[PDB]
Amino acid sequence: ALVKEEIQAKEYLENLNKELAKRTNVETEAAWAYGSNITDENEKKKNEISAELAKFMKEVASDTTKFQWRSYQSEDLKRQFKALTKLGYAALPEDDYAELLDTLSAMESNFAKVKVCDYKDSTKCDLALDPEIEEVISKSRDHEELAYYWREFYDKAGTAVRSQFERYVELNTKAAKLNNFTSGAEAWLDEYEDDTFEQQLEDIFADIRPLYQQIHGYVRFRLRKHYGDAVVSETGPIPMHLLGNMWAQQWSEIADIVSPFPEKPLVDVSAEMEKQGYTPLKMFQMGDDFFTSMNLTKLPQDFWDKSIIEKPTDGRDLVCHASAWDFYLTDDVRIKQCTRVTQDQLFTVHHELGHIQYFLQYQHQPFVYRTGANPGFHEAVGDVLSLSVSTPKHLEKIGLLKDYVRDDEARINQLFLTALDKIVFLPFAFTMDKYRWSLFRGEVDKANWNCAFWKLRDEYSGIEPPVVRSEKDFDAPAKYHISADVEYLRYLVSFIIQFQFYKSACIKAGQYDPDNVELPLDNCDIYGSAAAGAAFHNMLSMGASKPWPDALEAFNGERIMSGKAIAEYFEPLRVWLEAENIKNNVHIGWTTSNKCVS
């Protein structure tokens, strides 16, 4: 009978969760070793452990059918059993799973191993994306130099793995269908536990899109004054290599040439960080300080002993794309970051430490609940702190911003600088998964795969490649997450919900009042706030034990993902920018790009 079985099932879950944590620890260790030190030996080891764990997962999914779990009284037990039925890639036949793993590591290792030749010196061909190529993209204002580095990187990180990417799509689709999702798109979307999630995002994106259009138009206007009309047209998409980022995902690196008020202060603390002798260790210690100041959890000794916070100086290949790692024991959490002493990197440190804090907050939960309420929640945590860290308020406290006068013009500069990160990123993030969804769903013929990518980048972001591309090129995998098979919608969700978290944290901290001119949202610092920290504790400690609206409710009493908070943050900028574009007769919108030949 069922009452006796449900008692038996509870004990089954308790043991199985612990077993899964321990087995995942072993896989995670091998994945960490490979990412920290890319070799054929470490690749083989990583993939073989994964194959072994996949086999065990198959038996787990099979064993769930021995329990009448859908009949149980406990919502908690049912939720745990449902999580265990979800096999993902592990649903694939043994041989197919091994091939997928080989395909995945081929793409990630290709990306990580990319090296290009110096623009000025064809002798020197050891320039990696991080830091050599990214240094040029962010700092050079030589448009032909920029175009050279763009072409070299995309050819090597993108085009080189076309055939591998094609097989990856095939096996991803096969895995999804074995789990009875239509495609990998539905498999990914399942993490949000909401059958209207795509529509919800379309609705939020549509509300914020007009503001992006205004920012786009103004940036294009300002770039025309810098580079001239031969380089930048008034009516066409912006040549993406001029935007200070390899993927044009955020434009803050060109703030010095596009800022609303160039005679007024623009916050860029990198030089002061260097002058004051900042190190990666110091930056991580400061991040730790921020969390503990909020009455949240101190980094454990294992973090300091085991993390990699600087790029290794030996010859070795590794993945430098910053990541945070949970090892599923107690207090074994780590970051791998090729840390540089810059303002942007100080934000990255806090972002990654946001993941770490989430790990620590839910490590007491059963294994299946030791993950984010949804993938967007995990990406949001550290960004909430980074929003505070970025304020003139906070940066003056820590002595990184000197002689700053916060008048109306300086406020617009700072709001615009933030928007160059936060608003600009939204269409970018949406396209990363719109693209992959369309391939997963079989909506694009293989003959049209590359221009389908650039079509989306044009349609949503109004950017284009510096040179003519065709179906001979394959540019999508030049973005880390695409080569590494990391879902990207999490970041769109994050950039929306992080403002919901920030607004509420600021209100709880007594740092934001919409009717008090002295407490604007865009200068809120939650440092030292135990009240803000309590909200984080309430939400993060839940892990994935409840559907995400319950996790949001625990933070601030709300249950709905909403664009209200992000729009509220940028409202003063919207008012000023709409008026400034009219004043300057700024053309808005763009013609269809000519940069991808069919």
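All residue numbers are counted from 1 along the displayed sequence.
Asker: On average, are the C-alpha B-factors higher in 261-269 or in 425-433?
Answerer: Per the deposited B-factors, the answer is 261-269.
Asker: Between 114-122 and 362-370, name whichever shows the higher mean Cα B factor according to the PDB entry.
Answerer: Mean C-alpha B-factor is greater for 114-122.
Asker: In the PDB entry, which of 497, 484, 356, 127 has its C-alpha at the highest B-factor?
Answerer: Answer, based on the entry's C-alpha B-factors: 127.
Asker: Specify which of 220, 441, 378, 275 carries the largest Cα B factor in the deposited PDB entry.
Answerer: Highest C-alpha B-factor among the listed residues goes to 275.
Asker: What third of the chain, by the recorded C-alpha B-factor, contains residue 519?
Answerer: Its C-alpha B-factor, which the entry lists for residue 519, ranks in the highest third among residues of this chain.
Asker: C-alpha B factor of residue 598, ranked within the chain: lowest, middle or highest third?
Answerer: Answer is highest: the recorded C-alpha B-factor places it there.
Asker: Looking at the temperature factor on the CA atom of residue 109, which third of the chain's modelled residues does it land in?
Answerer: Ranked within chain, residue 109 CA B lands in the middle tercile.
Asker: Looking at the C-alpha B-factor of residue 76, is it in the lowest, middle or highest third of its chain?
Answerer: Middle third by C-alpha B-factor.
Asker: Going by the CA temperature factor in the PDB record, which third of the chain does residue 249 belong to: lowest, middle or highest?
Answerer: It belongs to the lowest third of the chain when residues are ordered by C-alpha B-factor.
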